[PDB]
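Structure first, commentary second.
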Ligand SMILES: Nc1ncnc2c1ncn2[C@@H]1O[C@H](COP(=O)(O)OP(=O)(O)O)[C@@H](O)[C@H]1O
Ligand SMILES: Nc1ncnc2c1ncn2[C@@H]1O[C@H](COP(=O)(O)OP(=O)(O)O)[C@@H](O)[C@H]1O
Ligand SMILES: Nc1ncnc2c1ncn2[C@@H]1O[C@H](COP(=O)(O)OP(=O)(O)O)[C@@H](O)[C@H]1O
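Residue numbers (the entry's author numbering), protein chains in the order written: chain Z, 17 to 524; chain z, 17 to 524; chain G, 17 to 249, 274 to 525.
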């Protein structure tokens, strides 16, 4: 009747696996696929998809943890560690009978006390560039190489500052990252306005164009007066010559419209009307548009036109027959960058001072994958910081204070829920201990020093991962997200209670 | 590394074996000999002495525990339980580093604090009958049936109160326990004086001797003849058959010397001449001296003779003469008792009333032995209580108060010794838990109730081992010995430290 | 074998009862489902536990089936039924090993069941009908401890209005109630407050082109299973329909625009792609008739139904409103929200309260929950068995001593000791005559249930006890399983 032992053992095993990953000094994990592809990562959000999990309840914990941390994206490893420690602390008392339901009551009471205590240790300030820089640094050093994260911090914080319209949170589309394969990492710069993935490699593309416009093109050289794109009807003689003429006049009858529009907007494309096409265009049409300053481009992506529609103004719809000059998409400046082999289009000064993009760049996928998910985590963390007005100290400083508050609140609760809150407060201390252990310092000595410092002085002191000393965690600038901590408590308590409440595992 | 784990497991196993004996409600254990003899008992000393322990280090723990318990009164099972819980608590932290020296320093600091606290907790209540009744009840209900213990309390307390008149610590020699197998066990009381093991084959010498004089001197009515000549009745048979004679003349000379002593110091045929011999005496001279009023007896061990010397007086030697009456002693009543087939010599109302024996009439051998050991333990407990003149509350009480003192004293100490202090406190928690468990109640529920009641009361509170609710031991009447607690703390700390300090097991 | 098969049947019963014995009460423990792929399921409901698990013994299958049939008939209490049946079949082990026949055990069980029915009907507290006060009290008692605590303010009045929409007055006073005829309208979107009630059938299907006289001030519905074609060269059926002159004729086939004009020539409105679960409730609420045989065609082919028809396209979708129906026995209830994950549960608990209400119309009685009723009837039986003699007195007493499993498990899955609490509960339940106390499910402490405020419908308790006793007697009546393996 004791399947709780099996569940606890599997949870502890998962804790052991996901340990040694916290802080900037965490050890990376080595994800190898079955085919032979390799992957290096440290964050639990992607690590809890590590091909094989073996134990089924460990898979359950992974599934629920991922599904619930998809809303904050920073408490995964901490969630797993605190779950494992809660289960172990509960087991020390379940071993001597003590039905787990009252343990669950104690856990819930301790959670309420901890949530109450969190509301007064959070510091709310008119956060500025330096504070977001510190937040991004804390969120980045813990997911990528220490030195490398320093350059990405600036490109993240300035991008978020530009994107921040008002109290409304940011949007996922409103910041986009780009992939490219330069030999050297060459930092990562911030580009105002949308960046196009691909372009045509005609020699006469206009580089410096100001106050340009744009329209999307779907099908222009396949079928005459028909939007369908498919195989050619060679058998039908009337259709065969119609599609041959579709090569020339099907594009000319609207290139004339494009050139007359660009002329009546600015003499002989004085402002340089630009065009974009879903696919390739006629080589003669390409030459004509290059000579007319129209810059024909191909290989348009499905995520480009809808992003630039509200960014470049008008509506750059795929279909032809522009007709009314309202759908044309204004572009203050457009550039063509062809670093190494691939060429890129930089759409700047569009009808939006927002919707910027990043420029992550480096060696083959084994590194740029880390770059991209690390910068994504940094962006999400700084987005949480921009959403709330309060931030909390890190380095486990908040949790030592939480454990102290719960211990002092323990005699208030009657019954064995007293013992439950004792176990919860004891288990909350895992993060400082793991942080101290991962840096090579003594696990218990550092915790004892931190507890003594927080007892003698009310400052929320934390662990310093370069000397193993109690550090204030406020002046140093190691702040953590408030919402992340709240969701961490909410997730850990519910998962621990649910696992503690099971019995009689059955083979369905 | 692993020897420590082996020792932890063995100590935990021994604790689990001995767990269900602590407290008056504990369940007894049955010791069956290899021959087939059965012994049923619960006293910690005899269990550790007679158990067939398998684990070597468990045998070591038992040996040192009984060796140290031989000093003080008792408290062995509590000591073993505390050692086991100390080891488990220490291992709980040693599993995560914590070189055992740190735990040892914590243990010694906690021991110092606990000794101090016990100094401020002791009760210096004076001498009276009722408190010693309560002490005897406490020491006896933990060893034997409740009603039988209530019967024995009066006899034990009265015997010790009588011996107390010297105003010096005295016991053991001066109180003796006699063994006999009467069917009715209810007959149990004090016999002021001395009871001899057995008498002799004599037809109605005196019965009620009343006032008489004692000289002993191992009368030689069956004086050692010259039987030993050469091996056995060889061809020279006239030696061992005729030379064996001429010694009856020595017997008759001793008879006339006894006659001279009797009608020299007695002044008449009355005033019985009490003499005892270590070997047999012929019935002929026995009755010849009996007709003269001489109280002749034979076949007694040494211990009764040295007891008579310090109580009545008299030299002891098989071959003697008409010595001086200086060693002669007098007794008020030398009444001889007989029950069915065995005869008892009640040497009562003698000089030096310090010598007192106790009467027990158990039906079978094992009940007799159990009553004897329970009486011995009660006598030792009352002796200790009188000697120190201070008693402490039982039923836990002191354990939980020392735990609170240690816990509040934990931040005072520096370094990682706080871990050792906490382990020591949680180890001292074992006694009230074991009492509650053996009663039939819940461990943590009763412990929480006791601690909560102690929180705002301050006064010592213990477990009521019939309902489980907290009770103040002073009012109810449960008392412990201060010296027992001192020895308990010292021995448990010493043995736990010695077990913790080991690191390797090797054969020899 | 002989009694070996009886022992096997009741052993299967016991080993299937204790699987879900722990998952009742307000503090039910969770269960683990390990499918042979690796997946794992959190579960509190024992019904899903039994549904997902696979069994091989016919006795276990029969008991699972009876638990189901109780589930979709009366609603809740399946775990209690399984637990009680397992307990009685387990306590029958002692007597089946006394070499004493199952028939006398069966007779003792039947007598015990009759006495338990009597003592429940004696101990039940009355409740008022058509009064919102103790209706809301019952809502607090049973309709709570569900996912409705956040939406009880709407569930309560939805049910309280819904109580008077499915009545049949056949043989007595509103004692007949049918279950599926309530026009459920579950549609996500908008706020949950948009959920309301309407007296009439709500049909989600509509004519493709409603350019005709759809609504008439006295719908005389005629049902027909025939298919409407172009014309005779079938207008002949329409011509025969003209004979009785109706205004609405309901079919189950598509209608064309020219077919629409041919129908409105007769001024009759047809419908298409409708469901039988809609047609039956339409006929029930309208009292119409379906007939197409010319010989049987008489003046009875037209039955007047509603009195007002309306069509509203709320959110560009084709609704059809049929209000003021002749028979208010199939009427509209509306459901609104975002997701159907909870509104379905709230609905089902509301019709559970509906069944509560109809039984209150039959027996307006409530039994004290939290083990109060169980211990009360156990005391009634134990004091009753003193007077009665015979060899069957032992099973009669054992049934009583077995039915106290519900408070025992309520205490067990709360932390508190199940021995001391049960002894104390019995002590304050025998000599204390007029109390009928119970055990708190939350804190595991004895409390008078008149003060805590938990009660159960009489009918559900009666059905649970009767089904448990019948299951026990059925499993004791099976003397051979063998027809093969
Ligand atoms: N410079 C630093 N000093 C101290 N602690 C740090 C530092 N950087 C990160 N941390 C710690 O790392 C933890 C967050 O990392 P983690 O929770 O492992 O991210 P994820 O769960 O997304 O993998 C925080 O608790 C924070 O205290
Ligand atoms: N009446 C009582 N109620 C509660 N506890 C008691 C009672 N009598 C004795 N005890 C407890 O029993 C313990 C002694 O039991 P035990 O260890 O068997 O004696 P010893 O080992 O000294 O022979 C004491 O610590 C005392 O607190
Ligand atoms: N708050 C409560 N306190 C005590 N007992 C309760 C409480 N709520 C429900 N119960 C008990 O739960 C039992 C029914 O629950 P259960 O049968 O598990 O639900 P279902 O009938 O849906 O299976 C009843 O006997 C009732 O006494």
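Backbone N, C-alpha and C define an ideal beta-carbon position, used for all residues, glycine too.
Rounded Cβ spacing between residue i and residue j (contact assumed at less than 8 Å)
i	j	result
residue 360/G	residue 219/G	4 Å
residue 489/G	residue 409/G	6 Å
residue 505/z	residue 130/z	6 Å
residue 63/z	residue 103/z	With a Cβ gap of about 19 Å, residue 63/z and residue 103/z do not count as contacting.
residue 244/G	residue 306/G	Going by Cβ atoms, the distance from residue 244/G to residue 306/G rounds to 11 Å, so no, they are not a contact pair.
residue 496/Z	residue 113/z	Not quite, the Cβ-Cβ distance comes to about 27 Å (not below 8 Å), so this is no contact.
residue 83/G	residue 71/G	Actually they are not in contact, since the Cβ atoms of residue 83/G and residue 71/G sit about 12 Å apart, beyond 8 Å.
Short CB-CB distance (under 9 Å) between residue i and chain G
i	result
residue 506/Z	no
residue 115/Z	yes
residue 524/Z	yes
residue 245/Z	no
Distance cut-off 8 Å: residue i Cβ against heavy atoms of ligand 1
i	result
residue 412/Z	yes
residue 149/Z	no
residue 122/z	no
residue 400/Z	no
residue 38/Z	yes
residue 158/Z	yes
Residue-level contact to chain Z via CB, residue i, 9 Å cutoff
i	result
residue 109/z	yes
residue 367/G	no
residue 322/z	no
residue 444/z	no
residue 31/z	no
Within chain z, partners of residue i - CB distance below 8 Å
i	result
residue 518/Z	What residue 518/Z touches in chain z: nothing, since even the nearest Cβ is about 22 Å away.
Interface residues of chain G facing residue i [CB-CB closer than 7 Å]
i	result
residue 76/Z	56
residue 521/Z	48, 50
residue 118/Z	455
residue 454/Z	In chain order: nothing, as chain G lies at least about 30 Å away.
Within chain G, the residues that residue i reaches when beta carbons sit closer than 9 Å
i	result
residue 28/Z	Within chain G, no residue comes near residue 28/Z; the closest Cβ sits about 17 Å away, beyond 9 Å.
Cβ-heavy atom distance, residue i to ligand 3, below 8 Å
i	result
residue 409/G	yes
Check: residue i C-beta below 8 Å from any heavy atom of ligand 5
i	result
residue 89/z	For ligand 5, the structure offers nothing, since it holds only ligand 1, ligand 2 and ligand 3.
Beta carbon proximity, residue i to chain z, threshold 9 Å
i	result
residue 431/Z	yes
Beta-carbon neighbours of residue i, restricted to chain Z and to distances below 7 Å
i	result
residue 427/z	471
residue 435/z	460
Partner residues on chain G for residue i, Cβ-Cβ distance less than 8 Å
i	result
residue 19/Z	48
Within chain Z, partners of residue i - CB distance below 8 Å
i	result
residue 43/G	117
Contact set between residue i and chain z, taken where Cβ atoms lie within less than 7 Å
i	result
residue 112/Z	459
Closer than 8 Å: residue i CB and nearest ligand 2 heavy atom
i	result
residue 394/z	no
* Between the segment 68-100 of chain Z and chain G, which residues of the former have CB atoms less than 8 Å from a CB of the latter, in chain order? -> The residues in question are 72, 73, 75, 76.
* **chain Z contacts made by the segment 459-491 of chain z, where a contact means CB separation under 8 Å** => If the cut-off is 8 Å between Cβ atoms, the segment 459-491 of chain z has 459, 460, 461, 464, 468, 471 near chain Z.
* Got a sec: which bits of the segment 59-78 of chain G sit with their beta carbon under 8 Å from any beta carbon on chain Z, in order along the chain? -> For the segment 59-78 of chain G, residues whose beta-carbon sits nearer than 8 Å to a beta-carbon of chain Z comprise 65, 68, 69, 70.
* Along the segment 27-41 of chain G, what residues have a CB closer than 8 Å to any CB found in chain Z? -> If the cut-off is 8 Å between Cβ atoms, the segment 27-41 of chain G has 35, 38 near chain Z.
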